[PDB]
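Residue numbers (the authors' numbering), protein chains in the order written: chain Z, 518 to 547, 566 to 664; chain B, 518 to 547, 566 to 664; chain D, 1 to 52, 52A, 53 to 72, 72A to 72H, 73 to 82, 82A to 82C, 83 to 100, 100A to 100F, 101 to 126, 139 to 147, 149 to 181, 193 to 211; chain H, 466 to 505; chain V, 2 to 9, 11 to 27, 27A to 27C, 28 to 95, 95A, 96 to 106, 106A, 107 to 108, 117 to 150, 158 to 196, 201 to 210; chain S, 225 to 272; chain X, 32 to 127. Think of the CB as a built atom: it goes at the ideal place given N, C-alpha and C, for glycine as much as any other residue. The structure appears below as structure tokens.
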Amino acid sequence: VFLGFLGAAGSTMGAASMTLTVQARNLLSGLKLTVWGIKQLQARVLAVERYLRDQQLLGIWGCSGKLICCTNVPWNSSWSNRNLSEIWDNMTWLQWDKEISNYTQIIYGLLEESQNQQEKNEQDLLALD
Amino acid sequence: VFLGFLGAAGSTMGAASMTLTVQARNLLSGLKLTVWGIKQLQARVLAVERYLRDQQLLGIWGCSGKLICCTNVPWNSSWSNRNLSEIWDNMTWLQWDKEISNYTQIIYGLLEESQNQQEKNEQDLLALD
Amino acid sequence: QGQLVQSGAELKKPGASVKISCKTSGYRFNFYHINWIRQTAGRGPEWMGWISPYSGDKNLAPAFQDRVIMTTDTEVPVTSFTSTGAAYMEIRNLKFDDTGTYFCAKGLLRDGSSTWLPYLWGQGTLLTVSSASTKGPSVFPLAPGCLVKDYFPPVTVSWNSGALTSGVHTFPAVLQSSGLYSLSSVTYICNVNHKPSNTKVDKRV
Amino acid sequence: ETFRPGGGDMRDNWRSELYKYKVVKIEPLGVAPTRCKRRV
Amino acid sequence: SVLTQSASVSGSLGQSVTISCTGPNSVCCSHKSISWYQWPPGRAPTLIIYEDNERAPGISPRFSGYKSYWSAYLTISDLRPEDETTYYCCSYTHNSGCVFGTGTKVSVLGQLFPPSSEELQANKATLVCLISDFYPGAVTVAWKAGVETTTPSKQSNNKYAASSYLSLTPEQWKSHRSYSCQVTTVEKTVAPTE
Amino acid sequence: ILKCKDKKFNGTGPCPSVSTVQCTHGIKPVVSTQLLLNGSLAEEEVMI
Amino acid sequence: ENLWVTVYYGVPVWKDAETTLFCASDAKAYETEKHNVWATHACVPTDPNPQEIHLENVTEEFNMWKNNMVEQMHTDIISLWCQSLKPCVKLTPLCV
Ligand SMILES: *[C@@H]1O[C@H](CO)[C@@H](O[C@@H]2O[C@H](CO)[C@@H](O[C@@H]3O[C@H](CO[C@H]4O[C@H](CO[C@H]5O[C@H](CO)[C@@H](O)[C@H](O)[C@@H]5O)[C@@H](O)[C@H](O[C@H]5O[C@H](CO)[C@@H](O)[C@H](O)[C@@H]5O)[C@@H]4O)[C@@H](O)[C@H](O[C@H]4O[C@H](CO)[C@@H](O)[C@H](O)[C@@H]4O)[C@@H]3O)[C@H](O)[C@H]2NC(C)=O)[C@H](O)[C@H]1NC(C)=O
Ligand SMILES: *[C@@H]1O[C@H](CO)[C@@H](O[C@@H]2O[C@H](CO)[C@@H](O[C@@H]3O[C@H](CO)[C@@H](O)[C@H](O)[C@@H]3O)[C@H](O)[C@H]2NC(C)=O)[C@H](O)[C@H]1NC(C)=O
Ligand SMILES: *[C@@H]1O[C@H](CO)[C@@H](O[C@@H]2O[C@H](CO)[C@@H](O[C@@H]3O[C@H](CO)[C@@H](O)[C@H](O)[C@@H]3O)[C@H](O)[C@H]2NC(C)=O)[C@H](O)[C@H]1NC(C)=O
Ligand SMILES: *[C@@H]1O[C@H](CO)[C@@H](O[C@@H]2O[C@H](CO)[C@@H](O[C@@H]3O[C@H](CO)[C@@H](O)[C@H](O)[C@@H]3O)[C@H](O)[C@H]2NC(C)=O)[C@H](O)[C@H]1NC(C)=O
Ligand SMILES: *[C@@H]1O[C@H](CO)[C@@H](O)[C@H](O)[C@H]1NC(C)=O
Ligand SMILES: *[C@@H]1O[C@H](CO)[C@@H](O)[C@H](O)[C@H]1NC(C)=O
Ligand SMILES: *[C@@H]1O[C@H](CO)[C@@H](O)[C@H](O)[C@H]1NC(C)=O
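Dropping the structure here:
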């Protein structure tokens, strides 16, 4: 089905993992001398800033695929102490971010490191052949 | 360590090749009727133009990985006549660009050609299977 | 994560009907099923059915197919991720094989193959199916606790309005040859409540 | 208790129609654990 | 019940114990899931294992389950004093409900009031011989010159307790010299002269 | 823009039936002081 | 049984914030003007078929009295009232 934009906002993370191509679709874009022109323009640039803020992180991380992705960073237990079948079938994305909001910035540091490290490491395999 | 933004600006190209994920991080983003609003806005759009100018070249070249990359273009000796262990351990990025500023545009032509050529060539391998 | 509290223990004569309530607190009432399981001392533990508050999806057992009716209220939220609600279950053709304890239970998950599996349980309500009538407890002070001698609907026993909780030893009752139960416990004020009779008595020792 | 008409502050005139709406920003980046690693 | 467990099984502290859970093909265990419950009498049960594989939230790793094609087993390693209780299993699926078992009692090895003056004005007399803090749960009560004795119930401190009462008449209060409550061996004797 | 879809809602607290939208309904900017005019009617019981 | 982080892009995750909202009015509002509309001069034509997605199982907490789209609307109306009377005839040589 197509529940639409943000359809699975109250659904389990496993059920909302099906609707990631819909929320990404409507995330960018669906006049004389006045005050509404700027009213729309500064919003129309904030849209772009809010999009590329995410995209540059998605790029400097290992995954420019822009949908879903796995990474070579061990899930540090200290972050949640919850179970695979107890979050993907018993918790909502908002609730989840509510738990992990504290450590989000930390994780971003580790992803940037792991990715730069992987790319530097792969150049050495490409250079010997 | 994390020497910070542009930490390795006076370091050898080999030592600065470690800090490429830091300069890329701080390269995009770290009000009533007035003149500062536009003062910030035209700068806030020049940021985006200066970013995507680089990104479109990085895309039309073979490497959207956005970190480091190798290419199938032979290094034409006529460009430098210098040695692998005499630039990566004895020269700074600025000095290096100071040498190669003359031929930069030429290289870009060759990269665009090689990439379009590779992609056209790979479609023929994908179509026979 | 939540907290399931049930209604009180009632004495109802066979044939007549009874309705047990189960009030919740501390989670999205609609996000998990409510199962109803009884336990009588002869047959053993017994599942009877479950219900889905969000939708309204039920599944009784063939045995309770023909004399039970579950009902569910609506959810009153408290925060974005928790609410409070209540679930009821009505039994009709009361037999002698319907005496014992009755528990409501919270589901475990929301999707998969074990979404209704009872995880969190209530305290359980004691149901007694008998043609004999209620008799109130004759509390007596114990010469150096308190003594509940004769009652018949299940007795609570506190101290000084629930203040002297440490060192309290309450014991099970005994089934006499008259059908009556009798237990014992050990500013002194033992509070003996007996809700079936509707009598609360505080005694000094 | 007696009740008399009031006003003065006209933002109320809008609160009578913007009582059922609110704004939210979207932050679509969320990381989750799973037994999946991308190979080398 | 159609789902049959082991009547009783035992084990010593610091050891392991496996509990079986079997039944016909219609109830166990091909195309079926198994769950286990720690059910103290008179208290609320606690989920231990679900989906014949996976431990409930907050459960120590000392438990482990295993399902075969004909039966399921629950291995509890490193036994505790508070593990001497009843353990039930259920067979279930995603659509149907639960079919509980018969129950398995697990055994961990290697481990008088006078009648008040208000009762004498009723009038009746009943002496109350209470029992507490004994192990194992197996005692016998005798009376010596309306006899009732409860069964040994496990307390909230992993010990057993009981209580036996004897009802006597007021005429026998000034006609008997004394009365005794023997509990197997301790014994308490009262002299009913006030 | 999230739009509460509850019939009886005093504007403050959780909303059981929420939906979302991009643009609100036609809100006329009527300037009055004592009586609100051409506004949106409440549903069922009058709202305080 | 050793877990790995996995990035997800497009998750229903939002947070309460305040931005610069814009206007939107039907195509007829842009039609009925001899310079007569006091606002519609530069308003975005509304979507012909507006869409309202019901978010099931969602419970969000509203607060009408500290909501900012109200402040934006009023201050914008004030500024529009202002700007509509700047180039209009001034009656300074009145008050006689
Ligand atoms: C909003 O929030 C809630 C909370 O998060 C969330 O609700 C959960 O959604 C999931 C998925 O839909 C639910 O989980 C499912 O439950 C299924 C159990 O129902 C089936 O069986 C029922 C009874 O069967 C008995 O009786 C019938 C006749 O009565 C008989 O035929 C049977 O043989 C049996 O005797 C039956 O009532 C039920 O019917 C419903 O569904 C059908 C269509 O599926 C519909 O036509 C009916 O009108 C009725 O709505 C259904 O037949 C369970 O089977 C199902 O299992 C699937 O998954 C497993 C994998 O785990 C597969 O292997 C298996 O084959 C099944 O495909 C699944 O578990 C859950 O219970 C909801 N409720 C909660 C969590 O509280 C919502 O989805 C949220 N919604 C949104 C949009 O966000
Ligand atoms: C994110 O990290 C912060 C700490 O940086 C966590 O905040 C802490 O939360 C606990 C509750 O889980 C607070 O304890 C509180 O103590 C008061 C004192 O009486 C009590 O009244 C409260 O009921 C509560 O128990 C603790 O104070 C607080 N830390 C600080 C420095 O204030 C926060 O919980 C983390 N977020 C998540 C989702 O875990
Ligand atoms: C990039 O290419 C340009 C040519 O397009 C190079 O410029 C040339 O540089 C040489 C020096 O290396 C200049 O020679 C000069 O001659 C004058 C005349 O007397 C003398 O005074 C100077 O000392 C120097 O020797 C040459 O004139 C100049 N070409 C032109 C057309 O002006 C430039 O060097 C290249 N860049 C790099 C980094 O190599
Ligand atoms: C004064 O108030 C009355 C209220 O009855 C206004 O007439 C009513 O206007 C509303 C919309 O403002 C109409 O409701 C709409 O009807 C359509 C019909 O398809 C429905 O699909 C919409 O969801 C919406 O509910 C209502 O039908 C209409 N009443 C009648 C009897 O026609 C009247 O326009 C107001 N005058 C003003 C504001 O000057
Ligand atoms: C991750 O968990 C380990 C446990 O070995 C702990 O020592 C460490 O501090 C944690 N790391 C961070 C960055 O929180
Ligand atoms: C590259 O070097 C070769 C030497 O064979 C020279 O002929 C050629 O002109 C150079 N190419 C360019 C584009 O400068
Ligand atoms: C998660 O469940 C698994 C079941 O396979 C269990 O082994 C593990 O201990 C649980 N983790 C936590 C943190 O409870």
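Return yes when the Cβ of residue j is within less than 8 Å of the Cβ of residue i, no when it is not.
i                     : j                 : result
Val202 of chain V     : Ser176 of chain V : no
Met530 of chain B     : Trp623 of chain B : yes
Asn204 of chain D     : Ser153 of chain D : no
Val106 of chain V     : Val11 of chain V  : no
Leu619 of chain Z     : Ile491 of chain H : no
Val570 of chain Z     : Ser110 of chain X : yes
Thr74 of chain V      : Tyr86 of chain V  : no
residue 14 of chain X : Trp596 of chain Z : Because chain X in this structure spans residues 32 to 127, residue 14 of chain X falls outside the shown range and cannot be described.
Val169 of chain D     : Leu124 of chain D : no
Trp103 of chain D     : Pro44 of chain V  : yes
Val44 of chain X      : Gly495 of chain H : yes
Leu483 of chain H     : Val120 of chain X : no
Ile48 of chain V      : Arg54 of chain V  : yes
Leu109 of chain D     : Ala41 of chain D  : no
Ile34 of chain D      : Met48 of chain D  : no
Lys83 of chain D      : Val111 of chain D : yes
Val27B of chain V     : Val97 of chain V  : yes
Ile20 of chain D      : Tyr79 of chain D  : yes
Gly521 of chain B     : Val539 of chain B : yes
I'd like the list of long-range same chain contacts for residue i, defined as Cβ closer than 6 Å, with 5 residues on each side in sequence excluded.
i                 : result
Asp72 of chain D  : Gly76 and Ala77
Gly13 of chain V  : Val19 and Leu78
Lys201 of chain D : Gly8
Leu11 of chain D  : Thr110, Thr116, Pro147 and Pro202
Should residue i be labelled buried (16 or more other beta-carbon atoms within 10 Å of its own) or exposed?
i                  : result
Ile33 of chain V   : buried
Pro609 of chain B  : exposed
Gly99 of chain V   : buried
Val518 of chain Z  : exposed
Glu648 of chain Z  : exposed
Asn625 of chain Z  : buried
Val121 of chain D  : buried
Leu523 of chain Z  : buried
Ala266 of chain S  : exposed
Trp100D of chain D : buried
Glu654 of chain B  : exposed
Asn27 of chain V   : exposed
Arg617 of chain B  : exposed
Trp38 of chain V   : buried
Counting only the same chain and skipping the five closest in sequence on each side, list residues whose C-beta sits under 7 Å from that of residue i.
i                 : result
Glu634 of chain Z : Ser615
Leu646 of chain Z : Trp596, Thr606 and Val608
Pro81 of chain X  : none
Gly174 of chain D : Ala114 and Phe146
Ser22 of chain V  : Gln6, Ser7, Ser70 and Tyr72
Kindly list the residues whose CB is nearer than 8 Å to the CB of residue i, restricted to its own chain and excluding five residues on each side of it in sequence; keep chain order.
i                 : result
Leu537 of chain B : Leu602 and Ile603
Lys171 of chain V : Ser137, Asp138, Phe139 and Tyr140
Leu132 of chain V : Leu117, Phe118, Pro119, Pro120, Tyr177, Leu178, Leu180, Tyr191, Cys193 and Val206
Item checked: Those residues, in chain order, that have a beta-carbon closer than 5 Å to some heavy atom of ligand 7 -> The answer, residue by residue, is Z:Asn616, Z:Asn618, V:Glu53 and V:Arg54.
Notebook entry, point to check: Going along the chain, which residues put their C-beta within less than 7 Å of some heavy atom in ligand 4?
Noted result: Working through the chain, the matches are S:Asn262 and S:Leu265.
Next item on the list: Name all residues in chain order for which at least one heavy atom of ligand 6 lies closer than 5 Å to the residue's CB.
Entry: This selection yields B:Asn611 and B:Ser613.
Check: For ligand 2, which residues count as neighbours when the test is a C-beta closer than 7 Å to any heavy atom?
Finding: Taking each Cβ in turn, the ones that pass are Z:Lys633, Z:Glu634, Z:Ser636 and Z:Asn637.
Note to self: To test your reading of the DSSP string, which unbroken alpha helix (DSSP H) runs of 4 or more residues are found completely within the stretch 60-85 of chain X?
What the structure shows: List check, alpha helix (DSSP H) in window: nothing returned.
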